[PDB]
Amino acid sequence: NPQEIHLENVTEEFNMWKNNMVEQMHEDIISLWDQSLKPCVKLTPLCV
Amino acid sequence: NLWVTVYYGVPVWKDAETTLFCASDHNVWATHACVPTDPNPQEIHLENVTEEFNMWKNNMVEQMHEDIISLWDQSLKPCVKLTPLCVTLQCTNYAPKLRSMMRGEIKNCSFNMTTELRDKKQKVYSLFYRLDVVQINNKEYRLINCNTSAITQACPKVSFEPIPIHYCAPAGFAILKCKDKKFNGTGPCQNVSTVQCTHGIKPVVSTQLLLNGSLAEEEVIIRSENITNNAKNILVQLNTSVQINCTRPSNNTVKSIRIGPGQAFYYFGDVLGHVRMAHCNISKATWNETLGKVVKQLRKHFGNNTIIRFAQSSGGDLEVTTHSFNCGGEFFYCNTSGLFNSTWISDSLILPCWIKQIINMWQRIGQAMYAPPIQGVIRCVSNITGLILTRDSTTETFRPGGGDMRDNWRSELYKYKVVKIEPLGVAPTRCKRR
Amino acid sequence: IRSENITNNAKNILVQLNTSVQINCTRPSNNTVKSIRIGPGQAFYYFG
Amino acid sequence: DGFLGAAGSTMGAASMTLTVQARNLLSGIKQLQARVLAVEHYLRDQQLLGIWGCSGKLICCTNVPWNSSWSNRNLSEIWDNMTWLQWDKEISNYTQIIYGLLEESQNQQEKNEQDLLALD
Amino acid sequence: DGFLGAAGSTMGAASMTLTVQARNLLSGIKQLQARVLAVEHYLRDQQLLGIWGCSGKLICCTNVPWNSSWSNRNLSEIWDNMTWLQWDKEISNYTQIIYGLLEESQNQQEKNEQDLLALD
Amino acid sequence: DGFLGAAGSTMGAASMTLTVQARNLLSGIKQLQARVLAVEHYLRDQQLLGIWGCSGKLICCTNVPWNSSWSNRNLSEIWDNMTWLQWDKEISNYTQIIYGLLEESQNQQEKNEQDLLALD
Amino acid sequence: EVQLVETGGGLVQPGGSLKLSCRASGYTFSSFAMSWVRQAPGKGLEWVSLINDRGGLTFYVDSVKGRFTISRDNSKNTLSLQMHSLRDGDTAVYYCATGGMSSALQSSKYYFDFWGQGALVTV
Ligand SMILES: *[C@@H]1O[C@H](CO)[C@@H](O[C@@H]2O[C@H](CO)[C@@H](O[C@@H]3O[C@H](CO)[C@@H](O)[C@H](O[C@H]4O[C@H](CO)[C@@H](O)[C@H](O)[C@@H]4O)[C@@H]3O)[C@H](O)[C@H]2NC(C)=O)[C@H](O)[C@H]1NC(C)=O
Ligand SMILES: *[C@@H]1O[C@H](CO)[C@@H](O[C@@H]2O[C@H](CO)[C@@H](O)[C@H](O)[C@H]2NC(C)=O)[C@H](O)[C@H]1NC(C)=O
Ligand SMILES: *[C@@H]1O[C@H](CO)[C@@H](O)[C@H](O)[C@H]1NC(C)=O
Ligand SMILES: *[C@@H]1O[C@H](CO)[C@@H](O)[C@H](O)[C@H]1NC(C)=O
Ligand SMILES: *[C@@H]1O[C@H](CO)[C@@H](O)[C@H](O)[C@H]1NC(C)=O
Ligand SMILES: *[C@@H]1O[C@H](CO)[C@@H](O)[C@H](O)[C@H]1NC(C)=O
Ligand SMILES: *[C@@H]1O[C@H](CO)[C@@H](O)[C@H](O)[C@H]1NC(C)=O
Ligand SMILES: *[C@@H]1O[C@H](CO)[C@@H](O)[C@H](O)[C@H]1NC(C)=O
Ligand SMILES: *[C@@H]1O[C@H](CO)[C@@H](O)[C@H](O)[C@H]1NC(C)=O
Ligand SMILES: *[C@@H]1O[C@H](CO)[C@@H](O)[C@H](O)[C@H]1NC(C)=O
Ligand SMILES: *[C@@H]1O[C@H](CO)[C@@H](O)[C@H](O)[C@H]1NC(C)=O
Ligand SMILES: *[C@@H]1O[C@H](CO)[C@@H](O)[C@H](O)[C@H]1NC(C)=O
Ligand SMILES: *[C@@H]1O[C@H](CO)[C@@H](O)[C@H](O)[C@H]1NC(C)=O
Ligand SMILES: *[C@@H]1O[C@H](CO)[C@@H](O)[C@H](O)[C@H]1NC(C)=O
Ligand SMILES: *[C@@H]1O[C@H](CO)[C@@H](O)[C@H](O)[C@H]1NC(C)=O
Ligand SMILES: *[C@@H]1O[C@H](CO)[C@@H](O)[C@H](O)[C@H]1NC(C)=O
Ligand SMILES: *[C@@H]1O[C@H](CO)[C@@H](O)[C@H](O)[C@H]1NC(C)=O
Ligand SMILES: *[C@@H]1O[C@H](CO)[C@@H](O)[C@H](O)[C@H]1NC(C)=O
Ligand SMILES: *[C@@H]1O[C@H](CO)[C@@H](O)[C@H](O)[C@H]1NC(C)=O
Ligand SMILES: *[C@@H]1O[C@H](CO)[C@@H](O)[C@H](O)[C@H]1NC(C)=O
Ligand SMILES: *[C@@H]1O[C@H](CO)[C@@H](O)[C@H](O)[C@H]1NC(C)=O
Ligand SMILES: *[C@@H]1O[C@H](CO)[C@@H](O)[C@H](O)[C@H]1NC(C)=O
Ligand SMILES: *[C@@H]1O[C@H](CO)[C@@H](O)[C@H](O)[C@H]1NC(C)=O
Ligand SMILES: *[C@@H]1O[C@H](CO)[C@@H](O)[C@H](O)[C@H]1NC(C)=O
Ligand SMILES: *[C@@H]1O[C@H](CO)[C@@H](O)[C@H](O)[C@H]1NC(C)=O
Ligand SMILES: *[C@@H]1O[C@H](CO)[C@@H](O)[C@H](O)[C@H]1NC(C)=O
Ligand SMILES: *[C@@H]1O[C@H](CO)[C@@H](O)[C@H](O)[C@H]1NC(C)=O
Ligand SMILES: *[C@@H]1O[C@H](CO)[C@@H](O)[C@H](O)[C@H]1NC(C)=O
Ligand SMILES: *[C@@H]1O[C@H](CO)[C@@H](O)[C@H](O)[C@H]1NC(C)=O
């Protein structure tokens, strides 16, 4: 049951192009990807 | 009629050991987890404060040592591991008709290596220095490390140039700077000031001679843990520097082959001209005056009528018996015997130097590194700012000693002490709680 | 005698003794150990 | 002056710079451990001041008399001729004794306050 | 006695050892997380005492009357025949109700104090 | 309302929700660093309130007069027509000046209190 | 050793205002609390007012709490007393004096250590 509180008479300025939440999402997604691949078979015998 | 009164914020402290922060204004010493420095750092002079210092029990040195080793290893981790190199080599002399001191120093070796595909082999010819290659019994040779450890190739894009590093106290702690002129490393300092961060200390790595360090304010300062114990090192801080001009005059090229998917091995190719020995020049008059000043300061501890003799280092391996340093990215091992060849009784000097590509840093066994060759001709000029001496009747004998890197860092950290702030205290006053 | 459920035969029973019993264990043969190197800095120890 | 500038000054003069040192107490694993320890130390000192009833003061007077054995100097020598470093050294052996008495005094005061509040 | 020695004692007697338990609240990733949580918990309790106006006291009286429904025992049974563990169990369901009232009382007191200070 | 619900309300009305925002300030390496910084920030604000003598209050009156240059609006405009965001923007340049004066005032008060306590 | 010299006015009518001052030298002015004591022409001594060494704390006898203000300036080495109303019972020689209070970290005084010469206030 997450909450949301409406802010009356508040006009916050947004800028989606300077939003640092995107850089964190990018790093977190890459980190999870690499962690998933780390404990897996490394196919060095294939380069033949 | 006095009552206990509690005070918080009392300007007192106790000796303490804590973790210091990195600050700095690709490079092997560049640290990402290191805060930008303050363009206007503060220093607060402490009047009428006589703090006792002891540079030989300073825990800032152990942290500096661990941090430097950690950064070194982190830099080498994401690099090519040269396991395909420990193969039998067939070698001949690079310049069979050469009469300079480089005769027999460079060998032209052939080996099969590996290729990107597991099914193929290639034939690689490369030059190696004699000091990196051990004879098995063209002749058969192996790399010197094959009998001890694996080789990690240093990444060719990462510079070895020292970067000044500032150590900063955490909140609740302060760094006290001696500032007492002619301070010899122990005892009270009467000019103590409080700082947040140390000056920028360059992690310069060298043996025997300390390069690119600080100078003494008025006179050569001789510091030792126990000046009468011949098992301890003597650190001599000069008040004036001596220039040393080091060069690798040959114009060398670098070749590169691939040894696996995404892996590449860089190696020393043809010499584009004559083969010449690396060397360093020190002016004779400057050294003679510097050494005489050192002798006077030694006489103050050993006697006005004692004979002070300097001699070359005797036993040990090349790393300890020579002056080791990184110049241009190459590792030089200079003889130095011409600098410690005199008896003191009450135009230029040329030092031969050898180059090695396979090194074992920090006196560790089991973690060997291969330094890629540097393209072109190398020249550098360094400032000799201090010496490390050891001591061996009526005559004392001194030798270059060296080899323990924490002594080099002591020569910079000797003036700093870390203390913990103890803000609580009590005192009697005529003040009763109602 | 301790158990999570003494009537459930899928559970283990832990018996804590009030007195100990000595057990004398031996490997009577006098064995030697040999060692060879298998790589730079690597060594394999084996039963000789 | 700045941080610790009063360290060599007399106890009286240095008592006027308590906010300077107080501000500078708060101002990867090894650094997180150092910061957590700094916080725990700070909080222990604040808790100790709270126990004594000095939670909001830099200078706090109490009801524990000076025992003389701790120090038999008069106020003129202590406040005009000594520094806080010298005082800290001089009575180090008695610090825990003083702290114990301070705690006992506040416990009695809290009970007495409660009993006074109970009067209708 | 030492830490928690009063746990089995009556509520009255155990109220005399509050500093013993208070001192023992402050006294690689998993351990740093445990220490950070211990600090955050401690600070939340101190903030809550501050909100109620009890920031510097171990025993703090307020202006919220006892509602009887929470517990209809007399003072003799609560302070002489019960332990704090039994009391904690007995009124657990009403803890947040009491906390809410305590906060409301302090907010009114702060406004009233400000209004009294405004009188010339 | 809930957390920050009063952000768009007038300064007077929003002063009645201080406990709501106060509770929500406390409520692997990157997360530990974020939590340690949150704690250090909170403690610096509490230390600053302590230095000013406001360690236990959400609304705290002091002895520093308003200098007019900081803001020449009357109380009716500030408390009835402005929000706290607008006020924060309007006097940002003078925040450190005000803070400095607040510290000086408390230091004088502490000395004066001690001197009054010294009278037999 | 210590010179305390009062300066002041002459004849003032009831309902007026009169200011006295005291200059001091020969000791550190800022290190001592100071006070004013008055003597009616035919009577003995009575204490009138007290100021701390820092000047932040002032104390008065009830009879002058709404009439007299005591202040000091430690850079000018000057103690001042501003009196209003000045009823007939206030005619007296007013002396400035050093002592009478001590700031917790100093030993106790509770005596008047040094006296001036005295200004004569006639209503
Ligand atoms: C003691 O201090 C002196 C002075 O700081 C120091 O000598 C300096 O060394 C640096 C590094 O070798 C020299 O800078 C180089 O100059 C050459 C000129 O040919 C450049 O080619 C170098 O650039 C190459 O390397 C860079 C690495 O980051 C690459 O990014 C670049 O693209 C090139 O590949 C570099 O600029 C500097 O000139 C000298 N200074 C003097 C006066 O000779 C000395 O080495 C120090 N001693 C010790 C022991 O550290
Ligand atoms: C190392 O020696 C080999 C020969 O043993 C050199 O390779 C020869 O180079 C000459 C040119 O100078 C060619 O004509 C030969 O055909 C080469 N031989 C082979 C087998 O390739 C090699 O160049 C030497 N290394 C260096 C760096 O000069
Ligand atoms: C390389 O391998 C071949 C076998 O394919 C061998 O004949 C040759 O001698 C090897 N080269 C060296 C330098 O050992
Ligand atoms: C092999 O390594 C040992 C040290 O472990 C060394 O003593 C020996 O000399 C090395 N072999 C050669 C040929 O140098
Ligand atoms: C200590 O500092 C003073 C002033 O800074 C200076 O005159 C004095 O020579 C210094 N002492 C030493 C030993 O440097
Ligand atoms: C060497 O010393 C001289 C004179 O102090 C100085 O100008 C020069 O910059 C120094 N060089 C280095 C690398 O420290
Ligand atoms: C270095 O010390 C010598 C005396 O040992 C002195 O003559 C010389 O001037 C000093 N140099 C400096 C730069 O202080
Ligand atoms: C350093 O100075 C201290 C001064 O007390 C002296 O005792 C010590 O022997 C000195 N050491 C050296 C190596 O000069
Ligand atoms: C220095 O070493 C000598 C020889 O071991 C010893 O007798 C002397 O006590 C030592 N001095 C100190 C200060 O440790
Ligand atoms: C080193 O080179 C510089 C010029 O860069 C020269 O002035 C200096 O004398 C040289 N030093 C020696 C010892 O040759
Ligand atoms: C310089 O070298 C000569 C070599 O004979 C030596 O006698 C002299 O003492 C040295 N020092 C000075 C300052 O001349
Ligand atoms: C050595 O000579 C100096 C004068 O430069 C003198 O002060 C010192 O005492 C002498 N030492 C001895 C052991 O003769
Ligand atoms: C340095 O040169 C001298 C010249 O006599 C030689 O005896 C010595 O062994 C050399 N040292 C090294 C480490 O090569
Ligand atoms: C030491 O000096 C003498 C005299 O110049 C020289 O003959 C000898 O070779 C020198 N020693 C070394 C190791 O160079
Ligand atoms: C080395 O030789 C190459 C090829 O002749 C030339 O381009 C380069 O400039 C030379 N480098 C130096 C330092 O002489
Ligand atoms: C352990 O003791 C409890 C006592 O209530 C009993 O209910 C339980 O069955 C016992 N379990 C065993 C395994 O003896
Ligand atoms: C023990 O196991 C039996 C068989 O599954 C079950 O009927 C009984 O309820 C269990 N007892 C407990 C206490 O879980
Ligand atoms: C240091 O001592 C002198 C002499 O007592 C004193 O005048 C000075 O104020 C002292 N320093 C400080 C910072 O108090
Ligand atoms: C001072 O402390 C001692 C214990 O060190 C104690 O015996 C003595 O009674 C104390 N003085 C007073 C007045 O209580
Ligand atoms: C403080 O004690 C010393 C030493 O007995 C004495 O000389 C001094 O006069 C005393 N001061 C006071 C104010 O009692
Ligand atoms: C504190 O105890 C030490 C012994 O551990 C003693 O040397 C020192 O003088 C004592 N100090 C006081 C003030 O009693
Ligand atoms: C435990 O209960 C007994 C009996 O009521 C009581 O005398 C004793 O004090 C209690 N223990 C504690 C620690 O209060
Ligand atoms: C006690 O609490 C109940 C709610 O549980 C409430 O209805 C009742 O009015 C409260 N008693 C008083 C006296 O307010
Ligand atoms: C408390 O309540 C119990 C139960 O009704 C009763 O027996 C006891 O006497 C009461 N005590 C007081 C002091 O009212
Ligand atoms: C608290 O609520 C539980 C139900 O969740 C109930 O069993 C218990 O008796 C209640 N306690 C009180 C004191 O109301
Ligand atoms: C928003 O503005 C309107 C108009 O002034 C006002 O009635 C309303 O209460 C404001 N919102 C809040 C949350 O105060
Ligand atoms: C208001 O602040 C200014 C500095 O910005 C200052 O000059 C002025 O005196 C202040 N007003 C008062 C009444 O102090
Ligand atoms: C506040 O200032 C405004 C602007 O001058 C004015 O219109 C308003 O009446 C003032 N209010 C009060 C209460 O002074
Ligand atoms: C604060 O300073 C900025 C300039 O950095 C200025 O534009 C702004 O108007 C100033 N605000 C006030 C209230 O003085």
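Residues numbered from 1 in each chain as written, not as in the entry; some residues may be left out. Chains lettered and ligands numbered in written order. Part of a larger assembly, values for the part shown. Heavy atoms only, no water.

If you check the PDB entry, chain D appears there as MD65 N332-GT5 SOSIP gp41 from Human immunodeficiency virus 1.

Per the PDB entry, chain C goes by MD65 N332-GT5 SOSIP gp120 and derives from Human immunodeficiency virus 1.

**Q** Describe the overall build of chain C, naming the residues involved and giving the relevant values.
**A** Secondary structure summary: chain C contains zero helices and four strands in total. Overall, chain C shows an N-to-C arrangement of helices and strands of β-β-β-β. Expressed along its principal axes, the backbone C-alpha trace of chain C runs to roughly 60 × 25 × 15 Å. Taking all 48 residues of chain C together, 0% fall into the buried category. In chain C, 0% of the contacts between residues at least 6 apart in sequence involve partners at least 24 apart. (Helix = DSSP H or I, 4+ residues; strand = E, 2+ residues; numbered from the N terminus. Buried < 20%, exposed > 50% of the residue type's maximum accessible area, 1.4 Å probe, protein only. Contact = heavy atoms within 4.5 Å.)

**Q** Describe in detail the overall build of chain D, supporting the description with residues and values.
**A** Counting its secondary structure elements, chain D contains six helices and one strand. The order of helices and strands in chain D, counted from the N terminus, is α-α-α-β-α-α-α. Within chain D, the proportion of its 120 residues that are buried is 49%. When the accessible surface of chain D is summed, it comes to about 5,800 Å², and 47% of that surface belongs to carbon and sulfur atoms. Across chain D, the centroid of the 8 positively charged side chains sits 12 Å from that of the 13 negatively charged ones. (Areas by Shrake-Rupley, 256 points an atom, 1.4 Å probe, with all protein chains shown as cover. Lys, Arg positive; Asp, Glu negative; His and termini not counted. Charge placed at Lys NZ, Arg CZ, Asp CG, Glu CD.)

**Q** Tell me what's going on with the site of ligand 10, and back it up with residues and numbers.
**A** All names here are of chain B. Neighbouring ligand 10 are the residues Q243, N245, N281, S283 and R379. Side-chain polar atom of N245 to an oxygen atom of ligand 10: 2.4 Å apart, as the coordinates give it. Within the contact set of ligand 10, an oxygen atom lies 2.9 Å away from a side-chain nitrogen or oxygen of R379. Protein contact buries 51% of the 370 Å² of open area that ligand 10 shows by itself. Only β19 (234–260) and β21 (278–283) provide two or more residues apiece to the shell around ligand 10. For the shell around ligand 10, the residue count by class is no nonpolar, four polar and one charged. (Near = heavy atom within 4 Å. Polar contact = N/O pair within 3.5 Å; in protein donor to acceptor, adjacent residues only side chain to side chain. Nonpolar A, V, L, I, M, F, W, Y, C, P; charged D, E, K, R; others polar.)

**Q** Lay out the nonpolar core in plain terms, naming residues and giving numbers.
**A** Ranked by internal contacts, the top residues of the largest apolar core, which has 74 residues, are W13 of chain B together with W84 of chain D. Among the elements that line this core, the one with the most residues is helix α3 (residues 29–51) of chain D, at five residues. Not counting residues within four places of it along the chain, the set of residues in contact with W13 of chain B comprises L46, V49, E51, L176, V419, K420, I421 and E422 of chain B together with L4, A7 and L85 of chain D. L209, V271, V295 and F332 of chain B belong to the second largest nonpolar core, which has 49 residues in total. (Core = buried A, V, L, I, M, F, W, Y, C linked by side-chain atoms within 4.5 Å.)

**Q** Which residues make up the interface of chain G and chain F, and what are the values?
**A** Many analyses report the size of an interface as the accessible area lost when the parts associate. Counting from both sides, the interface comprises 11 residues of chain G and, opposite them, nine residues of chain F. Taken as a group, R54, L57 and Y110 of chain G account for 49% of the area that chain G buries against chain F, more than any other trio of residues on that side. The tally of links from chain G across to chain F stands at zero salt bridges. The tally of links between chain G and chain F comes to four residue pairs in polar contact. Of the residues that constitute the side of chain G that touches chain F, the class distribution is six nonpolar, four polar and one charged. (Buried area = accessible area lost by both parts, 1.4 Å probe. Salt bridge = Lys/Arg side-chain N within 4 Å of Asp/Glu carboxyl O.)

**Q** I'd love a proper account of the site of ligand 17, names of residues and values included.
**A** Residue and element names in this part refer to chain C. All residues adjacent to ligand 17 are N5, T7 and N8. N5 is positioned with one of its side-chain polar atoms (N or O) 2.3 Å from an oxygen atom of ligand 17. Contact with the protein chains hides 25% of the accessible area of ligand 17, taken as 360 Å² for the molecule alone.

**Q** Help me get a handle on the pairing of strand β29 (residues 376–391) of chain B, residues and values and all.
**A** Residues and elements named next belong to chain B. With 12 of 16 residues buried, β29 is to be regarded as a mostly interior element. Relative to β29, strand β17 (residues 209–211) runs antiparallel, the two sharing three bridges. Following the sheet pairing, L210 is matched in β29 by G386. Two elements, β19 and β29, share 12 bridges in a ladder whose sense is antiparallel. Note on β29: the bridge partner recorded for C246 is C380. Both β29 and strand β30 (residues 395–399) contribute to a ladder of two bridges, which runs antiparallel. (Pairing = 2+ DSSP bridges.)

**Q** Pulling in residues and values, what's your account of the arrangement of the chains?
**A** Looking across the 11 pairs of chains in contact, one finds the most contacts between chains B and D. The two units chain C and chain D are non-contacting; their minimal C-alpha-C-alpha distance is 31 Å. Where chain A comes nearest to chain E, the C-alpha atoms are still 18 Å apart, and the two do not contact one another.

**Q** Explain the packing of aromatic side chains residue by residue, including any values.
**A** Residues and elements named next belong to chain E. Going through the model one piece at a time under the given rule, you end up with 35 aromatic pairs over all chains. Ring geometry for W52 against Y99: centres 4.9 Å apart, planes inclined by 55°, an arrangement best described as tilted. With a gap of 47 residues between them, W52 in the loop between α3 (29–51) and α4 (75–81) and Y99 in helix α6 (residues 95–117) connect regions that are remote in the sequence. On the basis of relative accessibility, which here comes to 32%, the residue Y99 falls in the partly exposed class. (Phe/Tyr/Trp six-rings, centres within 6.5 Å; stacked < 30°, edge-to-face > 60°.)

**Q** Could you give an account of the pairing of strand β3 (residues 33–39) of chain C, naming the residues involved and the relevant values?
**A** All names here are of chain C. Pairing between β3 and strand β4 (residues 42–47): six bridges, direction antiparallel. Its bridge partner being in β4, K34 is matched across the sheet by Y46. In sequence, β3 turns back onto β4 through a hairpin of two residues, with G41 there showing a positive phi of about 80°.

**Q** Explain the interface of chain B and chain D to me, using residue names and the numbers behind them.
**A** Listed as interface residues are 40 residues of chain B and, on the opposing side, 54 residues of chain D. Both sides of the chain B and chain D interface together cover about 4,300 Å² of buried area, and 68% of this is carbon and sulfur. Sorting the residues of chain B by area buried against chain D places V4, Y8 and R433 of chain B first, and these three jointly supply 20% of that buried surface. Summed over the shared surface of chain B and chain D, the result is two salt bridges. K14 of chain B is the salt-bridge partner of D88 of chain D, the closest N and O atoms lying 2.3 Å from each other.

**Q** Let's hear about the sheet that holds strand β1 (residues 3–7) of chain G: which residues, and what values?
**A** Residue and element names in this part refer to chain G. In space, the four strands of this open sheet follow the order β1-β2-β7-β6, with antiparallel pairing throughout. Among the strands making up the open sheet, the edge pair consists of β1 and β6 (68–73). When strand polarity is set aside, the average angle formed by the axes of neighbouring strands in this sheet is 15°. The sheet contact formed by β6 and strand β7 (residues 78–85) spans six bridges and is antiparallel. The residue bridging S71 from the neighbouring strand is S80, located in β7. (Axes fitted to C-alpha atoms, helices over the stretch in contact; angles between N-to-C directions.)

**Q** Describe in detail the packing of α3 of chain D against α3 of chain E, supporting the description with residues and values.
**A** The N-to-C vectors of α3 of chain D and α3 of chain E enclose an angle of 30°; their axes lie 11 Å apart at closest approach. With respect to each other, α3 of chain D and α3 of chain E are oriented roughly parallel. In this structure, α3 of chain D meets α3 of chain E at a crossing whose hand is left-handed. Contacts between α3 of chain D and α3 of chain E involve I29, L32, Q33, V36, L37, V39, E40, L43 and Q47 of chain D from the first element and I29, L32, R35, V36, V39, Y42 and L43 of chain E from the second. The residue makeup of the contact of α3 of chain D with α3 of chain E, split by class, is 12 nonpolar, two polar and two charged. (Parallel < 35°, antiparallel > 145°, perpendicular 65-115°, else oblique. Left-handed = near helix turned anticlockwise from the far one by under 90°.)

**Q** Got a sec to walk through the side chain of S71 of chain D? Specific residues and values, please.
**A** If you trace the backbone, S71 of chain D turns up in the loop between β1 (59–65) and α4 (75–81). Setting aside anything within four residues of it in sequence, one finds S71 of chain D in contact with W66, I78, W87, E90 and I91 of chain D.

**Q** If you had to explain the pattern of salt bridges to someone new, which residues and values would you point to?
**A** Per the counting criterion, the structure on display carries 41 salt bridges over all chains. For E4 of chain C, the salt bridge goes to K11 of chain C, with nearest N and O atoms at 2.9 Å. Residue classification places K11 of chain C among the partly exposed residues on the basis of a relative accessible area of 34%. Linked by salt bridges that have partners in common, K182, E218, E219 and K300 of chain B make up one network.

**Q** Go over the sheet that holds strand β28 (residues 368–370) of chain B with me, naming the residues and quoting the values.
**A** All names here are of chain B. Strand order across the open sheet formed by three strands is β12-β28-β27, with mixed pairing between neighbours. Looking at which strands have only one partner, the edges of the open sheet turn out to be β12 (151–153) and β27 (358–359). Pairing geometry for β27 and β28, over two bridges, is antiparallel. The residue of β28 that forms the bridge with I359 is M369.

**Q** Describe in detail helix α6 (residues 95–117) of chain D, supporting the description with residues and values.
**A** Compared with the 33 Å implied by 1.5 Å per residue over 23 residues, the 33 Å span of α6 of chain D between its first and last C-alpha is a close match. Those residues of α6 of chain D that fall on the buried side of the exposure criterion are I98, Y99, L102, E103, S105, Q106 and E110 of chain D. Those residues of α6 of chain D that are buried lie in contact with β1 (3–8) and β32 (424–429) of chain B, α3 and β1 of chain D together with α2 (18–23) of chain E. (Expected span 1.5 Å × (residues − 1).)

**Q** Talk me through the state of the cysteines; I want residue IDs and the actual numbers.
**A** Within the structure shown, the criterion is met by 14 disulfides over all chains. In this model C91 of chain B forms its disulfide with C109 of chain B; the gap between the sulfur atoms is 2.0 Å. Linking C91 of chain B and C109 of chain B, the disulfide has an S-S dihedral of approximately 105° and is accordingly described as right-handed. Here the residue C91 of chain B occupies a position in strand β7 (residues 89–93), and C109 of chain B occupies one in strand β8 (residues 106–111), the gap between them amounting to 18 residues. Both residues of the pair, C91 of chain B and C109 of chain B, count as buried. Two residues share a disulfide in this structure: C54 of chain F and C60 of chain F, whose sulfurs sit 2.0 Å from each other. Residues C54 of chain F and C60 of chain F are joined by a disulfide whose S-S torsion is about -70°; by sign, that bridge is left-handed. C60 of chain F gets classed as partly exposed once you look at its relative accessible area, which sits at 27%. (Disulfide = S-S within 2.5 Å.)

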